[PDB]
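Containing compact mmCIF, C-alpha atoms and all ligand atoms: coords-v5.txt.
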# COMPACT_ATOMS: atom_id res chain seq x y z
CA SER A 119 15.90 24.36 -14.20
CA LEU A 120 12.86 26.40 -13.15
CA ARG A 121 11.75 25.87 -9.57
CA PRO A 122 8.30 27.46 -9.21
CA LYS A 123 7.03 27.85 -5.66
CA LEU A 124 4.20 25.68 -4.39
CA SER A 125 0.90 27.50 -4.88
CA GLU A 126 -1.44 28.08 -1.95
CA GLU A 127 -3.65 25.30 -3.32
CA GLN A 128 -0.73 22.91 -3.67
CA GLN A 129 0.28 23.73 -0.10
CA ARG A 130 -3.27 22.97 1.04
CA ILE A 131 -3.30 19.67 -0.85
CA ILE A 132 -0.10 18.53 0.87
CA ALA A 133 -1.39 19.60 4.29
CA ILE A 134 -4.65 17.70 3.74
CA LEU A 135 -2.83 14.54 2.63
CA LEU A 136 -0.37 14.63 5.53
CA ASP A 137 -3.28 15.05 7.94
CA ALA A 138 -5.25 12.26 6.27
CA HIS A 139 -2.28 9.91 6.57
CA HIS A 140 -1.64 10.84 10.21
CA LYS A 141 -5.28 10.03 10.94
CA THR A 142 -5.25 6.69 9.10
CA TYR A 143 -1.80 5.28 9.84
CA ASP A 144 -1.06 4.46 13.49
CA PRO A 145 2.77 4.24 13.82
CA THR A 146 2.44 2.46 17.18
CA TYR A 147 0.33 -0.35 15.70
CA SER A 148 -1.79 -0.33 18.86
CA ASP A 149 -4.86 -2.00 17.29
CA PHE A 150 -2.99 -5.18 16.35
CA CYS A 151 -3.94 -7.05 19.52
CA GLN A 152 -7.51 -6.89 18.20
CA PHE A 153 -6.72 -9.05 15.16
CA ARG A 154 -7.02 -12.82 15.28
CA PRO A 155 -3.69 -13.99 16.78
CA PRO A 156 -0.73 -14.81 14.56
CA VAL A 157 0.17 -18.51 14.60
CA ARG A 158 3.48 -19.71 13.25
CA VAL A 159 3.62 -23.46 12.67
CA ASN A 160 6.95 -25.21 12.19
CA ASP A 161 7.67 -24.96 8.47
CA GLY A 162 11.40 -24.46 8.05
CA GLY A 163 11.11 -26.52 4.89
CA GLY A 164 8.68 -24.13 3.23
CA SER A 216 6.26 -26.96 2.47
CA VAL A 217 3.44 -25.72 0.25
CA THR A 218 1.32 -28.71 1.29
CA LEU A 219 1.77 -27.93 4.97
CA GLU A 220 1.27 -24.20 4.42
CA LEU A 221 -2.04 -24.72 2.62
CA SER A 222 -3.21 -27.38 5.06
CA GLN A 223 -2.74 -24.97 7.97
CA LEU A 224 -2.74 -21.40 6.62
CA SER A 225 -1.67 -20.60 10.19
CA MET A 226 -0.85 -16.94 9.55
CA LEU A 227 -3.80 -16.23 7.26
CA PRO A 228 -6.39 -15.19 9.86
CA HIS A 229 -3.99 -12.63 11.35
CA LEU A 230 -2.67 -11.29 8.05
CA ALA A 231 -6.17 -11.24 6.54
CA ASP A 232 -7.34 -9.17 9.51
CA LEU A 233 -4.31 -6.89 9.14
CA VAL A 234 -4.99 -6.38 5.43
CA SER A 235 -8.73 -5.92 5.99
CA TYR A 236 -7.97 -3.33 8.68
CA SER A 237 -5.58 -1.64 6.26
CA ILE A 238 -8.08 -1.55 3.41
CA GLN A 239 -10.43 0.27 5.76
CA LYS A 240 -7.69 2.80 6.55
CA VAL A 241 -6.94 3.23 2.83
CA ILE A 242 -10.64 3.86 2.12
CA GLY A 243 -10.55 6.55 4.80
CA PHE A 244 -7.38 8.06 3.36
CA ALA A 245 -8.78 8.04 -0.17
CA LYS A 246 -11.95 9.83 0.87
CA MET A 247 -9.78 12.70 2.13
CA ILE A 248 -7.85 13.08 -1.13
CA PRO A 249 -8.77 16.51 -2.57
CA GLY A 250 -11.11 15.86 -5.48
CA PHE A 251 -11.88 12.22 -4.70
CA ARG A 252 -15.36 13.17 -3.50
CA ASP A 253 -16.02 14.86 -6.85
CA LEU A 254 -15.97 11.41 -8.45
CA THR A 255 -19.11 9.30 -8.80
CA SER A 256 -19.57 6.65 -6.11
CA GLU A 257 -19.13 4.03 -8.83
CA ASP A 258 -15.73 5.37 -9.90
CA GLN A 259 -14.62 5.77 -6.29
CA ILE A 260 -15.28 2.09 -5.60
CA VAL A 261 -13.57 1.02 -8.83
CA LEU A 262 -10.43 2.96 -7.89
CA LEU A 263 -10.42 1.71 -4.30
CA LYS A 264 -10.83 -1.96 -5.20
CA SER A 265 -8.20 -1.84 -7.92
CA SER A 266 -5.60 0.08 -5.87
CA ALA A 267 -6.17 -1.37 -2.38
CA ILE A 268 -3.38 -3.96 -2.46
CA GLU A 269 -0.99 -1.51 -4.13
CA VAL A 270 -1.54 1.20 -1.52
CA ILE A 271 -1.13 -1.38 1.22
CA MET A 272 2.23 -2.36 -0.25
CA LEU A 273 3.24 1.31 -0.48
CA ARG A 274 2.13 2.31 3.03
CA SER A 275 3.69 -0.81 4.56
CA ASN A 276 7.05 0.70 3.69
CA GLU A 277 6.62 2.71 6.90
CA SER A 278 6.85 -0.47 9.02
CA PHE A 279 9.39 -2.16 6.75
CA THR A 280 12.94 -2.09 8.06
CA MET A 281 16.17 -2.90 6.27
CA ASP A 282 17.68 -3.84 9.61
CA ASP A 283 16.49 -7.41 9.00
CA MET A 284 14.20 -7.10 5.95
CA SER A 285 10.95 -7.40 7.89
CA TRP A 286 7.80 -5.40 8.55
CA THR A 287 8.21 -4.65 12.24
CA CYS A 288 5.02 -3.58 13.98
CA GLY A 289 6.06 -4.28 17.55
CA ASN A 290 7.29 -7.24 19.57
CA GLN A 291 8.25 -10.47 17.82
CA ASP A 292 4.55 -11.33 17.64
CA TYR A 293 3.89 -8.54 15.13
CA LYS A 294 7.13 -8.82 13.17
CA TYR A 295 6.48 -10.19 9.70
CA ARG A 296 9.14 -11.84 7.54
CA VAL A 297 9.06 -13.76 4.26
CA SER A 298 8.34 -16.97 6.18
CA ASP A 299 5.22 -15.49 7.77
CA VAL A 300 3.80 -14.62 4.36
CA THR A 301 4.42 -18.13 3.04
CA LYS A 302 2.51 -19.38 6.08
CA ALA A 303 -0.43 -17.35 4.78
CA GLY A 304 -0.46 -19.26 1.51
CA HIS A 305 1.69 -17.06 -0.72
CA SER A 306 4.78 -18.10 -2.68
CA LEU A 307 8.19 -16.51 -3.22
CA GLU A 308 7.08 -15.46 -6.71
CA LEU A 309 5.30 -12.64 -4.91
CA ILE A 310 7.19 -12.23 -1.63
CA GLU A 311 10.73 -11.89 -2.98
CA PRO A 312 9.75 -9.22 -5.55
CA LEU A 313 7.76 -7.49 -2.82
CA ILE A 314 10.80 -7.33 -0.53
CA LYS A 315 12.90 -6.02 -3.41
CA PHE A 316 10.24 -3.35 -3.99
CA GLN A 317 10.28 -2.37 -0.30
CA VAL A 318 14.05 -1.92 -0.32
CA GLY A 319 13.98 0.09 -3.54
CA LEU A 320 11.29 2.33 -2.09
CA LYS A 321 13.23 2.68 1.17
CA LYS A 322 16.32 3.82 -0.69
CA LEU A 323 14.41 6.69 -2.30
CA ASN A 324 14.34 8.30 1.16
CA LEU A 325 11.01 9.96 0.42
CA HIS A 326 9.81 12.87 2.53
CA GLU A 327 6.45 12.14 4.11
CA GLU A 328 5.01 14.72 1.71
CA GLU A 329 6.26 12.69 -1.25
CA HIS A 330 5.08 9.44 0.35
CA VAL A 331 1.47 10.59 0.79
CA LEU A 332 1.35 12.18 -2.66
CA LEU A 333 2.53 8.91 -4.23
CA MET A 334 -0.22 6.95 -2.47
CA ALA A 335 -2.82 9.49 -3.64
CA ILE A 336 -1.53 9.33 -7.21
CA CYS A 337 -1.64 5.53 -7.04
CA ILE A 338 -5.31 5.58 -6.03
CA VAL A 339 -6.48 8.25 -8.48
CA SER A 340 -5.36 6.48 -11.67
CA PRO A 341 -7.37 6.93 -14.89
CA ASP A 342 -5.99 3.68 -16.31
CA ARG A 343 -7.97 1.29 -14.11
CA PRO A 344 -10.34 -1.18 -15.81
CA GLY A 345 -13.97 -0.22 -15.31
CA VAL A 346 -13.54 3.51 -14.72
CA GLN A 347 -16.27 5.65 -16.27
CA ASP A 348 -15.03 9.24 -16.15
CA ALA A 349 -11.35 8.77 -16.96
CA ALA A 350 -10.97 12.44 -17.88
CA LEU A 351 -12.02 13.70 -14.45
CA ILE A 352 -9.83 11.12 -12.72
CA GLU A 353 -6.85 12.16 -14.86
CA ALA A 354 -7.50 15.83 -14.06
CA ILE A 355 -7.39 15.06 -10.34
CA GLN A 356 -4.29 12.91 -10.74
CA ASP A 357 -2.55 15.62 -12.78
CA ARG A 358 -3.23 18.13 -9.99
CA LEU A 359 -1.59 15.69 -7.56
CA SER A 360 1.28 14.86 -9.94
CA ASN A 361 2.03 18.52 -10.58
CA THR A 362 2.02 19.09 -6.83
CA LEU A 363 4.51 16.24 -6.41
CA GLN A 364 6.74 17.46 -9.24
CA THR A 365 6.74 21.00 -7.86
CA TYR A 366 7.44 19.83 -4.32
CA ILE A 367 10.43 17.74 -5.44
CA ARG A 368 11.92 20.59 -7.46
CA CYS A 369 11.87 23.18 -4.69
CA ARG A 370 12.06 21.19 -1.46
CA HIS A 371 14.07 18.04 -2.12
CA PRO A 372 17.85 18.58 -1.79
CA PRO A 373 20.38 16.79 -4.05
CA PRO A 374 21.69 14.35 -5.05
CA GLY A 375 18.55 12.27 -4.54
CA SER A 376 16.26 14.75 -6.30
CA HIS A 377 14.74 15.60 -9.70
CA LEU A 378 15.30 12.17 -11.27
CA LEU A 379 13.36 11.27 -8.15
CA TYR A 380 10.03 11.87 -9.88
CA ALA A 381 10.83 9.36 -12.62
CA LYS A 382 11.91 6.83 -9.98
CA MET A 383 8.64 7.30 -8.09
CA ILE A 384 6.52 6.90 -11.22
CA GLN A 385 8.48 3.73 -11.95
CA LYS A 386 7.48 2.37 -8.54
CA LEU A 387 3.85 2.79 -9.58
CA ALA A 388 4.54 0.56 -12.58
CA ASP A 389 6.23 -1.97 -10.30
CA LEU A 390 3.11 -2.02 -8.12
CA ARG A 391 0.93 -3.00 -11.09
CA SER A 392 3.06 -6.11 -11.57
CA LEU A 393 2.91 -6.97 -7.87
CA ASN A 394 -0.87 -6.43 -7.97
CA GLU A 395 -1.24 -8.91 -10.84
CA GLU A 396 0.94 -11.51 -9.12
CA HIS A 397 -0.94 -11.11 -5.84
CA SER A 398 -4.25 -11.58 -7.65
CA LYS A 399 -3.04 -14.83 -9.24
CA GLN A 400 -1.95 -16.16 -5.86
CA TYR A 401 -5.11 -15.03 -4.08
CA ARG A 402 -7.07 -17.06 -6.63
CA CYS A 403 -5.05 -20.18 -5.75
CA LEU A 404 -5.48 -19.52 -2.04
CA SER A 405 -9.26 -19.24 -2.49
CA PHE A 406 -9.38 -22.81 -3.81
CA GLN A 407 -8.42 -24.09 -0.37
CA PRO A 408 -11.48 -25.51 1.43
CA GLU A 409 -12.60 -23.36 4.38
CA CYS A 410 -10.38 -20.48 3.27
CA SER A 411 -13.27 -18.00 3.34
CA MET A 412 -13.56 -18.24 7.13
CA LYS A 413 -9.88 -17.32 7.47
CA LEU A 414 -10.43 -14.13 5.47
CA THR A 415 -12.93 -11.28 5.98
CA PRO A 416 -15.96 -10.04 4.03
CA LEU A 417 -14.05 -6.95 2.87
CA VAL A 418 -11.05 -9.00 1.73
CA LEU A 419 -13.32 -11.47 -0.08
CA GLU A 420 -15.01 -8.65 -1.99
CA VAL A 421 -11.91 -6.63 -2.88
CA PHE A 422 -9.93 -9.62 -4.14
CA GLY A 423 -12.82 -11.89 -5.08
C1 LIG B 501 -0.81 -3.94 6.08
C2 LIG B 501 0.20 -3.11 6.51
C3 LIG B 501 1.51 -3.58 7.17
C4 LIG B 501 2.42 -4.45 6.66
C5 LIG B 501 2.36 -5.13 5.37
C6 LIG B 501 2.76 -6.36 5.07
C7 LIG B 501 3.39 -7.33 6.10
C8 LIG B 501 2.77 -8.77 6.10
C9 LIG B 501 2.32 -9.33 4.71
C10 LIG B 501 1.66 -8.28 3.70
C11 LIG B 501 0.20 -7.98 4.27
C12 LIG B 501 1.75 -8.60 2.15
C13 LIG B 501 0.83 -9.80 1.57
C14 LIG B 501 1.39 -10.31 0.21
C15 LIG B 501 -0.71 -9.57 1.36
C16 LIG B 501 -1.53 -10.81 1.75
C17 LIG B 501 -3.06 -10.61 1.70
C18 LIG B 501 -3.96 -11.86 1.34
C19 LIG B 501 -3.72 -13.04 2.34
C20 LIG B 501 -5.47 -11.46 1.41
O1 LIG B 501 -3.69 -12.30 0.02
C21 LIG B 501 1.39 -7.21 1.51
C22 LIG B 501 1.97 -6.13 2.48
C23 LIG B 501 2.62 -6.97 3.68
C24 LIG B 501 1.75 -2.97 8.55
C25 LIG B 501 1.65 -1.38 8.54
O2 LIG B 501 2.76 -0.88 7.81
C26 LIG B 501 0.29 -0.86 7.87
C27 LIG B 501 -0.92 -1.17 8.87
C28 LIG B 501 -0.94 -0.38 10.21
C29 LIG B 501 -1.16 1.15 10.01
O3 LIG B 501 -2.38 1.46 9.40
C30 LIG B 501 0.11 -1.54 6.43
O4 LIG B 501 -1.11 -1.11 5.88
I need this file expressed as structure tokens, please.
Ligand SMILES: C=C1/C(=C\C=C2/CCC[C@]3(C)[C@@H]([C@H](C)CCCC(C)(C)O)CC[C@@H]23)C[C@@H](O)[C@H](CCCO)[C@@H]1O
Amino acid sequence: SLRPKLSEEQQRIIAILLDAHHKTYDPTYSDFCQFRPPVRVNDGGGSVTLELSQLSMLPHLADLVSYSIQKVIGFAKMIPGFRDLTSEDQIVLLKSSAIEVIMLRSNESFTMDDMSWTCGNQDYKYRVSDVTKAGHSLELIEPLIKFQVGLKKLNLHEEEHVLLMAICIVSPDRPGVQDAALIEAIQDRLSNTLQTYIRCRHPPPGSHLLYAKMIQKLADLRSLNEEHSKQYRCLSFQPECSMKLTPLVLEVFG
């Protein structure tokens, strides 16, 4: 019912987050030529044995994810209040949310035109088959695609999109966090900003219930995180896999 106006502080928070995202997410994907080249071996059969023997798309995707983790770290550092946290808690939050924020932010390159993450010419267009060529199984990919479509259909404003990523990162319920209270205080400030923004700036019929739907996506991400971790473990058993990854990836998921 009540639709309070965004406070000056809440307006500043949104402005800061939009700016942080614009500085850490390049919509032209111009740095991609700097990653190890994507290689797509013939695997129409989806052979796990062949996929693991080659891991043809792993160097490229590992570089893409590593690059993205760096961007997420940069984004996180700009989240109002994040700097108030101890270095130890900052790292805990970053490592635990990295893959989740990558899945969220990737929605910007995801397209329902053909259910792919399109970052340019065919070379940088990623489909389910490209992810299997990196060593992952459909147990992760299919649910991930479903998540992308569900997120797409929420038609989030960029303001809502950046707030959701910030809320995802600043979560008090991450194993290893020391000052949960402070983290929750920061998250509540972000959550209240999001709730207020939706109530006074998001037109119907895709509003209000929108907050609940967004919070539900955060729960969905936890499941995807767990599944990705299980599969990363398997992938790491492959001899010489470390060289196909990056130091940052090895640490975050190791
Ligand atoms: C990275 C990103 C993109 C796409 C994300 C994809 C497409 C290919 C496969 C991935 C990467 C999934 C797999 C499951 C993760 C695999 C990781 C390992 C192999 C380590 O397990 C997770 C998200 C999937 C491109 C762009 O939108 C951002 C980037 C450009 C703007 O900053 C974003 O940040």
*asked:* Can you pull out every residue with an atom within 6 Å of ligand LIG 501 (chain B)? Use only C-alpha atoms and all ligand atoms and format it as a PyMOL selection string.
replied: chain A and resi 142-144+147+227+230-231+233-234+237+271-272+274-275+277-278+286+295+300+303+401
*Counting all atoms listed in the file, which of A:351, A:333, A:226, A:267 gets nearest to residue A:367?*
A:333
*Distance atom CA of residue A:309-atom CA of residue A:284, one decimal place?*
15.1 Å
*Using only C-alpha atoms, which of the listed residues (A:377, A:386, A:315, A:229) sits closest to residue A:334?*
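When distances to residue A:334 are compared using only C-alpha atoms, the smallest one comes from A:386.
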With 5 Å of padding per side, what axis-aligned box (centre and edge lengths, Å, one decimal) covers all the listed atoms of stretch 119-125 of chain A? Give it as AutoDock Vina command-line options.
--center_x 8.4 --center_y 26.1 --center_z -9.3 --size_x 25.0 --size_y 13.5 --size_z 19.8
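The list of residues with at least one atom within 9 Å of residue A:289, based on all atoms listed in the file and without residues fewer than 2 positions apart in the same chain, reads residues 146, 147, 148, 287, 291, 292, 293 and 294 of chain A.
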*For atom CA of residue A:344 and atom CA of residue A:258, the interatomic separation in Å (one decimal)*: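 Between atom CA of residue A:344 and atom CA of residue A:258 the gap works out to 10.3 Å.
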*Residues at most 10 Å from residue A:236, counting only C-alpha atoms, excluding those fewer than 5 positions away in the same chain, as a ChimeraX atom specification?*
/A:149-150,153,230-231,241,415,417-418
*Compare A:156, A:250, A:162, A:304 by their minimum atom-to-atom distance to residue A:336, counting only C-alpha atoms, and give me the closest one.*
A:250
*Using all atoms listed in the file, which residue out of A:130, A:368, A:397, A:158 lies closest to residue A:298?*
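Checking each of A:130, A:368, A:397, A:158 against residue A:298, counting all atoms listed in the file, the winner is A:158.
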*Two-atom distance - atom CA of residue A:164, atom CA of residue A:308 (Å)*: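 So the answer is 13.3 Å.
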*Nearby residues, (-4.4, 8.7, -0.4) file frame, 8 Å, only C-alpha atoms, as a PyMOL selection string*: chain A and resi 135+138-139+241+244-248+331-338
